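A.B. asks: Have a look at this one before I ask anything.
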Amino acid sequence: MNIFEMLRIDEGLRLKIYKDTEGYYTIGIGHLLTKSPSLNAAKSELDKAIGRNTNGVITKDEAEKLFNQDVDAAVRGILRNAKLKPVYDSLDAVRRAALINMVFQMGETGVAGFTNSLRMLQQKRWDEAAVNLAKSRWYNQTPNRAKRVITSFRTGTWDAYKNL
Ligand SMILES: [Cl-]
Ligand SMILES: [Cl-]
């Protein structure tokens with residue numbers, strides 16, 4: 001298992017514009033297009049991201065290219081963030097992937113907001129962090145996914161994703 005496989009499980013793959021859990025226009029493997037309510041605004045961003053007139057539909061190859069860029073960006077966002085970097089550097093490979101997943105989902109700003117949890121992860125207090133991570137809107141809105149990421153931080157293994 002790796003970050004790509006993990007996120008592919010959590011986000012799925014859709015080749016036509018769709019609405020995410022929050023009602024925002026998205027495509028491919030969780031690539032957010034816009035928070036705007038307009039499908040046209042979404043189609044415009046899509047075309048600009050792909051470089052061609054898509055008409056709201058893309059190919060598998062194109063979805064994977066957006067995905068590669070998005071994972072890369074998440075990683076680079078963590079390394080540039082004063083609050084996240086030190087956490088990321090202190091973690092083992094499985095747990096780093098869990099932090100990337102959260103950033104991919106909610107953005108660097110959002111994750112950096114989890115001050116107390118971050119401090120606990122840094123201290124390697126796994127069970128404590130897991131409980132604190134669960135006291136969040138994130139967990140309440142997307143509990144199944146949140147549980148998978150939380151289990152990864154708690155155990156340091158990929159157990160939550162093997163079977164999926
Ligand atoms: Cl883009
Ligand atoms: Cl969920």
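Please note that chains go A, B, ... in the order of the structure tokens, that every chain numbers its residues from 1, and that ligands are numbered from 1 in the order shown.
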At a cut-off of 12 Å around ligand 1, and using only C-alpha atoms and all ligand atoms, what residues come up? Please write them as a ChimeraX atom specification.
C.D. replies: /A:26-28,30-34,44-51,62-63,65-73
A.B. asks: Around ligand 2, out to 6 Å and counting only C-alpha atoms and all ligand atoms, which residues are there? I want them as a ChimeraX atom specification.
C.D. replies: /A:142-145
A.B. asks: Next, the residues of the selection above should be written as an mmCIF file, in the first residue's frame with C-alpha atoms.
C.D. replies:
```
data_model
loop_
_atom_site.group_PDB
_atom_site.id
_atom_site.type_symbol
_atom_site.label_atom_id
_atom_site.label_comp_id
_atom_site.auth_asym_id
_atom_site.auth_seq_id
_atom_site.Cartn_x
_atom_site.Cartn_y
_atom_site.Cartn_z
ATOM 1 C CA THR A 142 -16.892 11.819 6.915
ATOM 2 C CA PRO A 143 -16.649 9.276 9.686
ATOM 3 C CA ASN A 144 -15.737 6.192 7.657
ATOM 4 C CA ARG A 145 -12.851 7.877 5.987
#
```
A.B. asks: Show me, as JSON lines, the residues of stretch 31-108 of chain A having an atom within 12 Å of stretch 118-133 of chain A, each with the closest atom pair and its distance in Å, using only C-alpha atoms.
C.D. replies:
```
{"residue": "A:83", "atom": "CA", "partner": "A:118", "partner_atom": "CA", "distance": 8.5}
{"residue": "A:84", "atom": "CA", "partner": "A:118", "partner_atom": "CA", "distance": 7.9}
{"residue": "A:85", "atom": "CA", "partner": "A:118", "partner_atom": "CA", "distance": 10.6}
{"residue": "A:86", "atom": "CA", "partner": "A:122", "partner_atom": "CA", "distance": 7.9}
{"residue": "A:87", "atom": "CA", "partner": "A:122", "partner_atom": "CA", "distance": 5.4}
{"residue": "A:88", "atom": "CA", "partner": "A:122", "partner_atom": "CA", "distance": 8.4}
{"residue": "A:89", "atom": "CA", "partner": "A:122", "partner_atom": "CA", "distance": 9.1}
{"residue": "A:90", "atom": "CA", "partner": "A:122", "partner_atom": "CA", "distance": 6.3}
{"residue": "A:91", "atom": "CA", "partner": "A:122", "partner_atom": "CA", "distance": 7.5}
{"residue": "A:92", "atom": "CA", "partner": "A:124", "partner_atom": "CA", "distance": 10.5}
{"residue": "A:95", "atom": "CA", "partner": "A:121", "partner_atom": "CA", "distance": 9.3}
{"residue": "A:96", "atom": "CA", "partner": "A:121", "partner_atom": "CA", "distance": 10.7}
{"residue": "A:98", "atom": "CA", "partner": "A:121", "partner_atom": "CA", "distance": 11.3}
{"residue": "A:99", "atom": "CA", "partner": "A:118", "partner_atom": "CA", "distance": 9.8}
{"residue": "A:102", "atom": "CA", "partner": "A:133", "partner_atom": "CA", "distance": 11.0}
```
A.B. asks: Choose the residue, out of A:140, A:94, A:103, A:77, that has the smallest atom-to-atom separation from residue A:155; count only C-alpha atoms.
C.D. replies: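 Nearest candidate to residue A:155 out of A:140, A:94, A:103, A:77: A:94.
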A.B. asks: For each of A:38, A:111, A:137, A:164, take the minimum atom-to-atom distance to residue A:12, counting only C-alpha atoms, then give the residue where this is smallest.
C.D. replies: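 Of all the options, A:164 lies closest to residue A:12.
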A.B. asks: Give the answer as one residue: which of A:117, A:17, A:42, A:100 has the shortest atom-to-atom distance to residue A:58, using only C-alpha atoms?
C.D. replies: A:17
A.B. asks: Between A:147, A:76, A:16, A:35, single out the one closest to residue A:55, counting only C-alpha atoms.
C.D. replies: A:16
A.B. asks: Can you check which residues of stretch 33-164 of chain A DSSP gives as helix (DSSP H, G or I) on the backbone and send them as an MDAnalysis selection string?
C.D. replies: chainID A and resid 39:50 60:80 85:90 93:112 115:123 126:134 137:141 143:155 159:161
A.B. asks: Expressed in Å to a single decimal, how great is the separation between atom CA of residue A:151 and atom CA of residue A:115?
C.D. replies: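 So the two atoms, atom CA of residue A:151 and atom CA of residue A:115, lie 19.0 Å apart.
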A.B. asks: Just list as a ChimeraX atom specification whatever in chain A DSSP marks as strand (DSSP E or B).
C.D. replies: /A:14-19,25-28,31-34,57
A.B. asks: Which is closest to residue A:134 among A:74, A:146, A:106, A:13, if we use only C-alpha atoms?
C.D. replies: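 The answer is A:146, which sits nearest to residue A:134.
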A.B. asks: What is the distance, in Å and to one decimal place, between atom CA of residue A:108 and atom CA of residue A:6?
C.D. replies: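 A separation of 18.5 Å between them.
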A.B. asks: Provide the atom CA of residue A:138 to atom CA of residue A:25 distance in Å, to one decimal place.
C.D. replies: 18.8 Å
